[PDB]
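Some notes on the structure that comes next.
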Number of protein chains: 2
Amino acid sequence: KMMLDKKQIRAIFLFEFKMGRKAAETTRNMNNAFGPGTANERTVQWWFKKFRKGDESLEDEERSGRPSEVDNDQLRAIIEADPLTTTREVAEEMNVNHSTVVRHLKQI
Amino acid sequence: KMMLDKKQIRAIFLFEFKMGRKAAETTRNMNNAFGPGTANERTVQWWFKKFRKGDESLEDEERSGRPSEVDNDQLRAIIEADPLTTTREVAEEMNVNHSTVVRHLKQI
DNA sequence: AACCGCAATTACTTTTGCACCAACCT
DNA sequence: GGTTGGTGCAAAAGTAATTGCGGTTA
DNA sequence: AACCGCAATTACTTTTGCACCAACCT
DNA sequence: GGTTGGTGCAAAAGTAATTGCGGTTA
């Protein structure tokens with residue numbers, strides 16, 4: 001039955017926060033309306049706390065991801081010193097796979 | 001202030017319908033919480049009526065779009081009778097632009 | 001007070017024409 | 001140079017959503 | 001009864017290695 | 001044949017969301 005995205009769930013939290021409900025009250029309303037396990041009290045309090053500060057964005061904060069192992073300036077210098085060089089030759093010197101070279105050359 | 005998608009708005013309608021609210025009641029709750037012009041009574045009744053039948057999908061029904069002016073079987077036959085023929089030659093015979101021929105040849 | 005039929009208006013859908021293009025051909 | 005398949009994007013051609021007014025049921 | 005700090009767990013993010021490939025080269 | 005740039009996708013390496021338990025304020 002329950003087909004809602006995280007964004008749709010969070011919009012209902014925001015609606016409920018703006019109606020003046022307490023988070024524990026909103027939790028009960030959501031489990032009654034959509035069924036058990038729709039909302040957790042602690043999660044609703046975590047969101048209400050963000051809303052109460054004026055942060056009404058329903059998105060996650062940005063995640064930087066895996067740190068890059070390639071220095072684009074070094075790659076630029078290796079290419080400028082030898083423009084003939086293949087991706088497999090650059091990869092051996094840079095201790096990466098040639099596909100990482102291919103992908104980073106598209107960036108620069 | 002108001003940043004919600006149609007899908008987020010519709011999820012709030014569904015929540016409210018499942019809480020046992022009347023559509024005119026939900027309309028007032030949404031305009032009070034998010035501000036004037038957030039919801040219209042007639043629209044909320046149109047959605048509640050779909051929900052009441054058991055249709056709890058928050059998507060629009062599919063739209064077929066512009067009707068196609070090209071017969072793919074004819075295009076297949078023109079190509080099979082003369083494989084040498086260019087998109088501009090096929091377009092002249094089919095009363096379309098060559099780009100429609102290009103696009104429809106990708107389909108088949 | 002609430003909902004709904006109806007119809008006018010708005011927003012979406014997919015497809016097409018024209019302008020313009022780069023790679024390949026002549 | 002010319003030819004060719006291909007794409008960006010506005011206009012086109014459709015269906016379904018949006019919603020104000022008046023009727024009907026409460 | 002409700003919220004929150006804290007920490008364990010889960011879900012997401014972007015990047016990389018390896019397997020495998022088709023077009024072009026030798 | 002071999003070489004080459006390129007992609008699919010699983011594994012990797014990160015940050016932030018999710019949430020149960022115990023403390024604190026009511």
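Reminder, nothing fancy here: chain letters follow the sequence lines and each chain counts from 1.
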For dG14(D), does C1'-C2'-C3'-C4' say north (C3'-endo side) or south (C2'-endo side)? north

Identified side-chain hydrogen bond (donor to acceptor under 3.5 Å, both in side chains) counterpart of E56(A) within the set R10(A), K50(A), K18(A): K18(A)

Major groove or minor groove: where do the side-chain heavy atoms of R88(B) come under 5.0 angstrom of base atoms? major

Against the side chain of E61(B), the closest entry in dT16(E), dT16(C), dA17(D) is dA17(D)

May I have the distance from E89(B) (atom CD) to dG5(D) (atom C1'), rounded to whole angstrom? 13 Å

Hey, does the side-chain of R63(B) have a donor or acceptor N/O within less than 3.5 Å of a partner on the base of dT15(D)? yes

Side chain of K22(B): nearest nucleotide among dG17(C), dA2(C), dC3(E)? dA2(C)

Check every strand shown and say whether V101(B) touches a base, only sugar-phosphate, or nothing at a heavy-atom separation below 4.0 Å. nothing

Closest to the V102(A) side chain: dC21(F), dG6(F), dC12(C)? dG6(F)

What integer distance in Å separates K49(B):NZ from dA2(C):P? 19 Å

Would you mind telling me which of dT18(F), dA13(D), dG17(E) lies closest to the side-chain atoms of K6(A)? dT18(F)

Minimum-distance nucleotide to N97(B) side chain [options: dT19(D), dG17(C), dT4(D)]: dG17(C)

Would you indicate which nucleotide in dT15(C), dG17(E), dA11(E) comes nearest to any side-chain atom of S68(B)? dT15(C)

Quickly work out the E59(A) CD to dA16(F) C1' distance and round it to whole Å. 14 Å

Does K50(A) place a side-chain N or O at less than 4.0 Å from the phosphate oxygens OP1/OP2 of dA17(F)? yes

Protein-nucleotide distance (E25(A), atom CD; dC3(E), atom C1'), rounded to Å: 14 Å

Reckon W47(B) has a side-chain N or O less than 4.0 Å from the OP1 or OP2 of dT18(D)? yes

Count the heavy atoms of every other residue, nucleotide or ligand shown that sit under 6.0 Å from NZ of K22(A), and state whether that count exceeds 12. no

Keeping the roles fixed (side chain from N32(A), backbone from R28(A)), state whether a donor-acceptor pair exists under 3.5 Å. yes

Here the distance between atom P of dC12(C) and atom CZ of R10(B), to the nearest Å, is 9 Å

Using a cut-off of strictly less than 4.0 Å, decide whether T87(B) has a side-chain nitrogen or oxygen near OP1 or OP2 of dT4(D). no

Taking 4.0 Å as the cut-off, does a side-chain nitrogen or oxygen of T100(B) come that near to OP1 or OP2 on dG17(C)? yes

Closest approach to the side chain of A24(A), judged atom by atom: which nucleotide of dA11(F), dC20(C), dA2(E) is it? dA2(E)

DNA chain E nearest-nucleotide lookup for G65(A) and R28(A): closer to the 5′ end is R28(A)

Whole-Å distance, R103(A) CZ to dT15(E) P, equals 11 Å

Mate of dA1(E) where both pairing distances stay under 3.5 Å, Watson-Crick or G-U: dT25(F)

At under 4.0 Å between heavy atoms, what does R21(A) touch on the DNA or RNA strands: base, sugar-phosphate, or nothing? nothing

Check for a donor-acceptor pair, side chain of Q107(B) on one end and backbone N or O of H104(B) on the other, with a separation under 3.5 Å. no

Base, sugar-phosphate, or nothing for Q45(B), non-hydrogen atoms under 4.0 angstrom? base

Nucleotide nearest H98(B) when distance is taken to its side chain, options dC3(C), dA19(C), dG14(D): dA19(C)

Does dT13(E) have its sugar in the north or the south range once you look at the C1'-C2'-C3'-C4' torsion? north

Out of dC6(E), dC3(E), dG5(C), whichever nucleotide has its closest atom nearest the side chain of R42(A): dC6(E)

Sugar conformation, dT7(F) - torsion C1'-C2'-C3'-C4' sign: south

Classified sugar conformation, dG23(D), by whichever sign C1'-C2'-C3'-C4' takes: south

Can you tell me how the ring of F15(A) sits relative to the ring of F34(B), calling it parallel under 30°, perpendicular over 60° and tilted otherwise? parallel

If only side-chain N and O atoms of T43(A) are considered, is one of them under 4.0 Å from the OP1 or OP2 phosphate oxygen of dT19(F)? yes

With north meaning a positive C1'-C2'-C3'-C4' (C3'-endo side) and south a negative one (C2'-endo side), sort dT15(E) into one of the two. south

Under a 3.5 Å rule for both distances, is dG1(F) the Watson-Crick or G-U wobble partner of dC25(C)? no

Counting N and O atoms only, with roles assigned by atom type, does the side chain of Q8(A) sit under 3.5 Å from a partner on the main chain of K7(B), one being a donor and the other an acceptor? yes

